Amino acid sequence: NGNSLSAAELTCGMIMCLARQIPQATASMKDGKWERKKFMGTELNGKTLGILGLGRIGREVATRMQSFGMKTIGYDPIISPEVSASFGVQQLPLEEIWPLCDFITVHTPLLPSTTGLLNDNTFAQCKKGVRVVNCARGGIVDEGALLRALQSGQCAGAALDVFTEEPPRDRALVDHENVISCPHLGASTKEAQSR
């Protein structure tokens, strides 16, 4: 609410980090390396962004990423297609979303219906090389399925602010070279903190 923008901003930061590998590049530079070929990245302009959850945060991510020329599609069981259309997000059924996306971000509560929203079965329906962001709640993305998808290349990268357990006891995702992460920083701004 106060914190809608802090979360939305982080999410968009994570999207740009996935496209360009800024965290990995910084660590390479700090280790004395100059690795130009390794961190060849991708332009966001023209790419499809799937937004799952079209409440305040989802809407704010949408309008920021639209300024980059991203095509913004999404799903929400509750928000009307008229409302989402008013902020430029084309709503489609989930099964239609998966194959279209270059990026996917999640902006849902953690409910039975949203736990492992992204799992083995939904990763299989994505475009190969999809990139995924979870700055919402840990568990929305099944962590085992994400690791399997990163191992195969089915997922090319992921940005995680939240984890099923916090801090995560299993370090395989954090340790993966194509994973960027923060210690649940989504509301951690000076501004969000004072209403």
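So that there is no doubt, residue numbering starts at 1 and follows the sequence shown.
- Of the two stretches examined, 66 to 74 and 36 to 44, the record assigns the greater average C-alpha temperature factor to 36 to 44.
- When 78 to 86 is weighed against 97 to 105, 78 to 86 comes out higher, by mean CA B-factor as recorded in the entry.
- Within the group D142, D161, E60, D170, the record's highest C-alpha temperature factor is found at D170.
- Ranked within its chain, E177 lands in the middle third, by CA B factor from the PDB record.
- When the modelled residues of the chain are ordered by their C-alpha B factor, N119 lands in the lowest third.
- Per the PDB record, residue ranking by Cα B-factor puts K30 in the middle third of the chain.
- Among the modelled residues of its chain, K128 has a C-alpha B-factor that falls in the highest third according to the deposited record.
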